[PDB]
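Inside the fold
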Amino acid sequence: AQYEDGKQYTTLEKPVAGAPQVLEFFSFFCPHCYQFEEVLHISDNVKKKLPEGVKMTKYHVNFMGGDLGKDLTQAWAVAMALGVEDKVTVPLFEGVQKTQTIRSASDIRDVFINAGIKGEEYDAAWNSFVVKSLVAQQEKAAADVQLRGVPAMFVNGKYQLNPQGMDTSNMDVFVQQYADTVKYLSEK
């Protein structure tokens, strides 16, 4: 067929009940993730192909960058809790990978401050139990699918995108194939 299990996607042999419809994993330390977000704009082009009523979820992972990596999973929980993902994603990626000015939890905090989140609001969230459970959700979702690398995308807890089975010559064309495949899997 045009879309074949084992080529544009793989099926999980151990399906995950109750999983978010479209679930993306990344790390701010992850070089292809930087590309996905800053150059390819994958999340955004996928969103534009999703049928109505399918929600999109994005989680950070702990397994890159050690201690700072974990701080970033907690910061991403804060980002989600405050609804400020679209204001901190670019400066966090650039702070970790471009300028390398993010080396501590305080430097992460500075990014939010500069993005206009009040210090007091940031600190309150950072320490909140709602953020703790949001950290727990990110960790559980990754655990559920035996997640060992990023970027990664899963559809309905049963299909995993396989971008390596795709032409990267043209970046536009790669992105739309990626997005079209998520739509296909969504309708499965």
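Reading the values: rules and limits
- Residues numbered from 1 in each chain as written, not as in the entry; some residues may be left out.
- Heavy atoms only, no water.
- Disulfide = S-S within 2.5 Å.
- Buried < 20%, exposed > 50% of the residue type's maximum accessible area, 1.4 Å probe, protein only.
- Core = buried A, V, L, I, M, F, W, Y, C linked by side-chain atoms within 4.5 Å.
- Helix = DSSP H or I, 4+ residues; strand = E, 2+ residues; numbered from the N terminus.
- Contact = heavy atoms within 4.5 Å.
- Axes fitted to C-alpha atoms, helices over the stretch in contact; angles between N-to-C directions.
- Parallel < 35°, antiparallel > 145°, perpendicular 65-115°, else oblique.
- Nonpolar A, V, L, I, M, F, W, Y, C, P; charged D, E, K, R; others polar.
- Salt bridge = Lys/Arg side-chain N within 4 Å of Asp/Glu carboxyl O.

- The PDB entry annotates the protein chain as Thiol:disulfide interchange protein originating from Escherichia coli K-12.
- Per the header of the deposited record, the title is "Group deposition of apo datasets for PANDDA analysis - Crystal Structure of apo EcDsbA after initial refinement (apo_dataset_36)".

1. Examining the state of the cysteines
- Scanning the entire structure with this criterion turns up one disulfide.
- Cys 30 shares a disulfide with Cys 33; S-S distance 2.1 Å. Torsion about the S-S bond of the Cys 30 and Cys 33 cystine: about 75°, corresponding to right-handed handedness. Of the two residues, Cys 30 and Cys 33, neither departs from the other in class, the shared state being buried.

2. Side note on the nonpolar core
- Counting residues in hydrophobic clusters, the biggest one holds 42 residues, and the most contacted among them are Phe 25, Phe 28, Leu 92, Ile 108, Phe 112, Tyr 122 and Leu 147.
- Elements with a contribution of two residues or more to this core: β2 (22-26), α1 (31-40), α3 (66-82), α4 (85-98), α5 (105-114), α6 (119-126), α7 (129-144) and β4 (152-155).
- Residue contributions to this core peak at eight residues, all from α3.
- Beyond its immediate stretch of four places on either side in the chain, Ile 108 contacts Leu 68, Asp 71, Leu 72, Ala 75, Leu 92, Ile 102 and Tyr 122.

3. Concerning the packing of α1 against helix α8 (residues 171-186)
- Contact pair α1 / α8: the axes reach a minimum separation of 12 Å and the direction vectors enclose 105°. Overall, the two elements α1 and α8 adopt an arrangement that is roughly perpendicular. Listed contacts from α8 to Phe 36, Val 39 and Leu 40 of α1 are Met 171, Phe 174, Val 175 and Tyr 178.
- Classifying every residue of the contact of α1 with α8 by side-chain character gives seven nonpolar, no polar and no charged.

4. Here we look at the pattern of salt bridges
- One pass over the full model with this rule turns up six salt bridges.
- Notably, a salt bridge pairs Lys 58 with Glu 24, separated by 3.8 Å at the nearest N-O pair. A residue pair is termed long-range when its members are at least 10 positions apart, and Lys 58 in strand β3 (residues 56-60) and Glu 24 in strand β2 qualify at 34 residues. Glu 24 carries the same exposure label as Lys 58, and that label is buried.

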